There are 2 protein chains.
Amino acid sequence: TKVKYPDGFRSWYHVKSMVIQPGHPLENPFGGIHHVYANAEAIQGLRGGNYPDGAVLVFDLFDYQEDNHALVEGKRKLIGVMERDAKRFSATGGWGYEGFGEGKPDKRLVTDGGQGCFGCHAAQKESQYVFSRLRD
Amino acid sequence: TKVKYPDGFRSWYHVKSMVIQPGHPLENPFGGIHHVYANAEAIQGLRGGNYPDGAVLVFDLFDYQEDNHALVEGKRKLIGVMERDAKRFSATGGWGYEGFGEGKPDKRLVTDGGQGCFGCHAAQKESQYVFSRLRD
Ligand code: HEC
Ligand code: HEC
Ligand SMILES: [Zn+2]
């Protein structure tokens, strides 16, 4: 019933990025520069196919530093992970939700079975609970 | 002696990202959110090896829109490309420098055989003319 740490996710396909700055409603706790990654199974779902069990999406969140009209990546704050298992994660729409503090496998963050994560993602039911869109 | 368009670069390894905001010395024409990509050959150099012939680094530059203090990726502005060939690009330290307007193969931006690009990158001679560092 646990989401696997997504070993090697830094080698995966870069889906998209966004910056959430102070003053944005999601400033706590999603503030910073985030990169979304997708393994091969997740790419099948993102392209408009279906998500196979074993699809993984990673939200990779960096702190940033203000450097002379540049925002520069600082320390990693955390990763968010969605792992596809239609049966095992059926309580949260077939995705298991987990967070890892500083992206460390030993700092698991989710305490409520991912119901809190799923509460927000449920708005995206029509895109299989995934916000991110594939871009060129 | 033209740099090849780096077909499939969006499937390559994501090295790092940075935001260049208005007022930055490099705003014209590098302003926006950029993502650095490396093919397998360029990863050998970024890890501390010699960059092999065929190494390619891509600077993928997106415009952004600030919306409620989120910076949201907009349209691709351009890609910058560095292609390693010690012999064919000897005049610019063994890297060929090109830009592609909107990331399109038909929109070549470099008009001076890459001397201006090389002029700034020459400061990084000790790291084989590459600014970006591998991060985990
Ligand atoms: C809104 C109130 C949210 C809560 C709570 C959670 N997430 Fe979420 N997530 C949200 C948005 C708006 C986005 C898109 C970001 C973008 O750049 O467009 C995301 C994205 C993810 C991703 C990437 C896949 C996707 O759906 O786009 C993952 C892997 C992810 N989120 C995981 C996650 C976890 C583990 C959370 C709770 C423990 C969680 N999210 C809460 C909005 C919201
Ligand atoms: C300084 C005055 C610059 C000029 C002119 C050019 N580039 Fe450059 N480039 C510069 C910096 C500071 C960086 C690093 C950005 C980061 O996020 O740290 C870069 C990066 C690139 C990359 C990525 C590889 C790397 O060296 O880090 C490429 C592929 C690249 N630049 C290409 C490029 C081309 C094609 C240019 C002119 C035609 C060019 N650059 C000019 C600084 C400067
Ligand atoms: Zn200033």
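Proteins come first, then strands; the chains are lettered A, B, ... in the order of their sequence lines, and each starts at number 1.
Not counting sequence neighbours, the partners of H14(B) by the ring-ring contact (aromatic ring centres under 6.0 Å, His included) test are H14(A), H35(A), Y37(A), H35(B), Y37(B). Applying the ring-ring contact (aromatic ring centres under 6.0 Å, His included) criterion to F100(B), with sequence neighbours excluded, gives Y5(B). Considering only residues two or more places apart in sequence or on other chains, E98(B) meets the side chain to side chain donor-acceptor pair (under 3.5 Å) condition with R108(B). Residues that satisfy the side-chain contact (heavy atoms from CB on, under 4.5 Å) test with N68(A), not counting sequence neighbours, are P25(B).
Taking NZ of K77(B) as the start and CG of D63(B) as the end, the distance is 6.0 Å to the nearest 0.5 Å. Here the CZ atom belonging to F30(A) is positioned 8.5 Å from the CG atom belonging to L61(A), to the nearest 0.5 angstrom. Put simply, CD on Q128(B) and NE2 on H121(B) are 14.0 Å apart, with the number rounded to the nearest 0.5 Å. To the nearest 0.5 Å, atom CE of residue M18(A) and atom CG of residue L71(B) are 9.5 Å apart.
Residues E41(A) and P52(A) share a closest heavy-atom pair of O-CD, 3.2 Å. In plain terms, the two heavy atoms of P22(A) and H69(B) that are nearest each other are O-CB, 3.4 Å. Annotation for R133(A) and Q124(A): closest pair NH2-OE1, 2.9 Å, computed over non-hydrogen atoms. Between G74(A) and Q65(A), the closest heavy-atom pair is CA-NE2, 3.1 Å. The minimum heavy-atom distance between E102(A) and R76(A), with the atom names listed, is O-CD, 3.5 Å.
Under the 3.5 Å distance criterion, the side-chain polar atoms of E73(B) are matched with a main-chain donor or acceptor of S17(A). A donor-acceptor pair under 3.5 Å links the side-chain atoms of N39(B) to the main chain of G54(B), judged by distance alone. Looking only at distances, no side-chain donor or acceptor of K107(B) sits under 3.5 Å from a matching main-chain atom of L78(B). The backbone N or O of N50(A) sits less than 3.5 Å from a side-chain atom of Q44(A), completing a donor-acceptor pair.
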For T92(B) and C117(B), run side chain to side chain contact (heavy atoms under 4.5 Å, CB included): C-alpha distance rounded to whole Å, both residues' side-chain angles, the deciding distance at 0.1 Å, then the answer. CA-CA 9 Å; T92(B) 51; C117(B) 303; over 6 Å; no
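A continuous path of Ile, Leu, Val, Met, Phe, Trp and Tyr side chains, each step under 4.5 Å between heavy atoms, connects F62(B) with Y64(A), placing both in one hydrophobic cluster. No continuous path of hydrophobic side-chain contacts links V19(A) to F59(B) [ILVMFWY only; heavy atoms under 4.5 Å].
Enclosure of atom CZ in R47(A) is not indicated, since only 12 or fewer non-hydrogen atoms of other residues, nucleotides or ligands lie within 6.0 angstrom.
None of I79(B), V81(B), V56(B) except one satisfies the side-chain contact (heavy atoms from CB on, under 4.5 Å) rule with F9(B); the exception is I79(B).
The hydrophobic cluster containing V130(A), built from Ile/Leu/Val/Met/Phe/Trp/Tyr side-chain heavy atoms closer than 4.5 Å, also comprises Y13(A), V15(A), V36(A), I43(A), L46(A), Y51(A), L57(A), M82(A), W95(A), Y97(A), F118(A), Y129(A), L134(A).
Look at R10(A) and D136(B) and you find no salt bridge, because none of the NZ, NE, NH1 or NH2 atoms lies under 4.0 Å from a carboxylate O.
Screening residues 84-96 of chain A for salt bridge (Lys or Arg N to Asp or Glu O under 4.0 Å), with sequence neighbours left out, gives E83(A)-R88(A), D85(A)-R88(A).
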